[PDB]
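Provided below as structure tokens are two forms of one protein chain, presented individually as structure 1 and structure 2.
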Structure 1
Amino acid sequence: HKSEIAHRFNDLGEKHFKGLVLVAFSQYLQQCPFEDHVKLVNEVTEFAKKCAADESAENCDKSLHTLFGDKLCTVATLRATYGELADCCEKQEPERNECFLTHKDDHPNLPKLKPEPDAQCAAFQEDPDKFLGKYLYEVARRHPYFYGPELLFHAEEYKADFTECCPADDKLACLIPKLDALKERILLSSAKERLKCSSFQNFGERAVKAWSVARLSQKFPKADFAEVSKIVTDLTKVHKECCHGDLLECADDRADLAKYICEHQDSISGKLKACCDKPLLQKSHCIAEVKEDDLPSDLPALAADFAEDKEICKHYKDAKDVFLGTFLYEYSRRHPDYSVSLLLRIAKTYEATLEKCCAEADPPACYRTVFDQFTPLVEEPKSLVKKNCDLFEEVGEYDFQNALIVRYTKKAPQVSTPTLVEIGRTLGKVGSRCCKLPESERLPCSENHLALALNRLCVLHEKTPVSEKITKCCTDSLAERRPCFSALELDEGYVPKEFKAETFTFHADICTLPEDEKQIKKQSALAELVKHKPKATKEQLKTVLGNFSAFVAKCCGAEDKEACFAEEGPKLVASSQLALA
């Protein structure tokens, strides 16, 4: 109470306290060296130990924001590396942290970590605390809004992988599959949390509560409304704190919520038992990623209370938010086969009916057939997910990505090529993950992951706005975000980008790139072909990229690579224009 840092240190323990502060500094200061950050963590850990022993000691009565924010401004390489970030230090709290958070880089362009099993299993023994410590540093700086306590968990997933594989003869065959899967889990985790932080920023905590009521109601249909409301309230406060960089307060409140859920597990979900017999980080993660519980047999029809009841306006008038919260809980728990956006869309439609009906002469007659408005809202995304999986299953991942790059480049040609390539590549991998699932699990998978990919586009677009359409879709409404983007079409009055030959000129440098980086260069060229020829068919673009593809493979196989590229390049560049007419 007297000393907050004393409280956090005592509650969290040294390793996790240090760990979260290393992650904290790594997110705020993303280009600072590892060894520099290690000292800053030690200097804070040092001071926290003094306060826990004697809370009356100087500076111990200050808030963690102040104490952390003060330590950030004493960084010697602050003005040199980060520039404008040093201007924030002149401002006072709470405006100083708000200033720091804006200067977090969502796209830091950092070296793509190669999994080198010979180098790392050896480095795991050379300096182990440096190893697991550096892993936290590297993930944190590439993902400045990554869920702090969730990153500590991934570091222990990292630890366990090396201790299991390094002993074995073939270190590569064991480690690579395990590490490859972890990179996929980290990108998804980063994406999930960024949408929580984005929702706070753009739509406030009411939007974050609504989303969570829907998701946890699906996860815990056995749980009553007062439990879901309690868990949502506590969990919203947790994500608010983490998203504002208060990782220590975030981590402590998260541990309290883990304890609560597990002390009341029988009346929340039968699927939590395994989770609650685990250490804090394993327990917390297991709760967050818990599979949905079996549906209760004893639930009545919704219409009885939400269409038929004659005192619905009375319920609505006195307690607007609570009664809508009640509707979302009841609709969500029955429909785990629905996306969270679809549930929030339905709930927004219900509110809209009551605002208009309780004003009219005969309200009961008005909101009698409110459930008829939902059937078309359900069918639209069902139709979209079918067409995309039908396309994916036919043409496979790479060609599905290319089809989506063309789709989104036409929707927004003003958006930077790297941004368009990223969402096309992301949404293609969603095809791989989601389409191989049963129909009931497929819609939520696709549309939930789509929301994460659209948020990424909105985050990158917010930093550097180019389109008013994209701004409107990104800022209007979170529930209506997917519909808004789905509706986007090629601007009739779009001025084609003028032809630059250098943009479509390849060299021998491409041959030495890893396959992923090789595809990005070709997929970057595809986006540019669309920007130059926006009225070209997807089938014309598929063919021209196939020629570029064949041209690269040929010259990268040639005895004289640079000689091949010099001769063949301009010929293909010239014919490609005529082909896209």
Structure 2
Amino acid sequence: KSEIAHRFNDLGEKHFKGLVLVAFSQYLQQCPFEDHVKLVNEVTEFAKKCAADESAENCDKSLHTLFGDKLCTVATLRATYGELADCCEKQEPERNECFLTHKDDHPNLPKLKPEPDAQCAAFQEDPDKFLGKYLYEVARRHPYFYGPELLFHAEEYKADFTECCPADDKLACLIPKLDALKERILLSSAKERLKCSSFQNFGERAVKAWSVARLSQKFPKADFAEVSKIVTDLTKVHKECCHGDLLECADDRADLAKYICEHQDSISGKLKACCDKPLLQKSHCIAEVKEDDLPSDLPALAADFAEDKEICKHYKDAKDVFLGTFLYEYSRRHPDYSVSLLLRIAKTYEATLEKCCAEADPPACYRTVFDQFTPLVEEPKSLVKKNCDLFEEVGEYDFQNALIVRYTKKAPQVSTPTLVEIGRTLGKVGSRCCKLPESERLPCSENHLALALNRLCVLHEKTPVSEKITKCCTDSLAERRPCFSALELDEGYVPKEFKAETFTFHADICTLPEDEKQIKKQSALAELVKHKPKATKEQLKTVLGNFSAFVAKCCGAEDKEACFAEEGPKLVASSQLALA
């Protein structure tokens, strides 16, 4: 019984190689493309040998042993990866655990900057090399990217270049195709990173809870046993992928996609479109499937979960199953709620039973349990209404700026690039979610907010700067967004010392693209808040407007630098007075 042969036979050579390339790229993010390709081929050649004869020497070793041994043969390991050479002394599974610790969530690699003429040539010159290069580039930038899903995006990446290279207009799919794919890559990466973060920081229990809530919303027709079945299998898939077991992850994901499609009539009417597709496409469509219509025979929950006299007995006899059933029943009923809200509601239900069942007369106590949920629902609904009201009034750029001020005040010790990133991400959430139908706003906003907050938390694990951020990031997954919302200006913070050069602009800003100009100004905005943390958002908006006007004027000037030189220092000095 050869594991590597077993995976090679199940997956096929193409997907086997793709996943192995991705896995290696994620583990060793600094190595060049050619180096990894060689290791992939070496591993694949061995798999073929084992497929021919599974009794052969070393074919019965574990995948982690074989792939771990392979990574440790890389040239200049100690120089390039000083930390990783230490892992190579260790044995499995200790070695892989060491490997996973050293994955870098922020490698700070160059921007993709597609060159359509050169890339279409390389694509035509060698497609396998070209598509493989793409897997490699994204994988090392996103060390926790969902392995099988990255192969799906490589196919979209192929279809773009296939359709557009022979066309007349050279860059007819630059902004249209690659920028859209780039956006989908970011969202997908953020979604999977949350799952891996949940395993790491809160355990498998938290991942299953989240998954029960989400899949109940998606598949309200399905029975609890069906959802539990799917959650169990899907949790194992993500567990394997998050721990670098990409071949096993891909294989189990295929098995799950098959199961769902075989039982689609009892699961969801929306799956039929997904289930008449190829493998990678089918799995992707299932994963992103639209929520099914609510069945007309949804049961009233007051009887079982509020009015039944033996709830304390049920709760005590099997807490997991009873609470699991509640979460399933309440979630399928509420596609208009965010997942974290449903998890908060489930925690409040649990807490109510813990309290009420210790008292003398539990029934009278827990009779009003559903009424405790109302304030939990109103708070996020109010936040989303306020944020969307602001977004629709001022637009994305100014909405981003308001969020940068908001979060810099909460966490002024965090780096400016990180504060700008989260502010800009949460601004795009406005564009994405506030235009949706009204019932879909809350789930879209809060679910995306969870992704952006996790990004901040993951960067904070690497570079801790604030005890308040640690607390919100590690105390409770469900309470994370309310914790961050509750943060106010850190009074313990001492204003960052003034540096004139930080707010000094030059003629180089004028040649930049619009998004890059914004980031420079938004970076200055974060720095303004850091030096003057008590300045109001209204003061800051005005001062930034003056900076924007100053940049606009001097970029339209005959002598651009002389304009920046004369005008800048006065404005820099005057701005500080405006922020008192």
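In this text, the rigid core denotes the largest set of C-alpha atoms whose superposition between the two forms falls within 1.5 Å. Just so we're on the same page, residue numbers count up from 1 along structure 1's sequence.
*Asks:* Core aligned, which of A536, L513, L67, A57 has the Cα that shifts 2 angstroms or more between structure 1 and structure 2?
*Replies:* If I go through the list carefully, the shifting residue is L513.
*Asks:* Align both forms on the core first, then report whether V38 has a C-alpha shift of 2 Å or more between structure 1 and structure 2.
*Replies:* No, its C-alpha moves less than 2 Å.
*Asks:* Would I176 count as moving between structure 1 and structure 2, using a Cα shift of 2 angstroms or more after superposing the core as the test?
*Replies:* Yes, because once the rigid core is superposed, the C-alpha of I176 moves 2 Å or more between structure 1 and structure 2.
*Asks:* Classify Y28 as shifted (yes) or not shifted (no) between structure 1 and structure 2, where shifted means its C-alpha moves by 2 Å or more with the rigid core superposed.
*Replies:* Stays below the 2 Å threshold, so no.
*Asks:* What is the Cα shift of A487 between structure 1 and structure 2 once the core is superposed, in angstrom?
*Replies:* Reported C-alpha shift between structure 1 and structure 2: 0.3 Å at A487.
*Asks:* Rigid core superposed, I'd like the Cα shift of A566 between structure 1 and structure 2 in Å.
*Replies:* So the C-alpha of this residue moves 3.3 Å.
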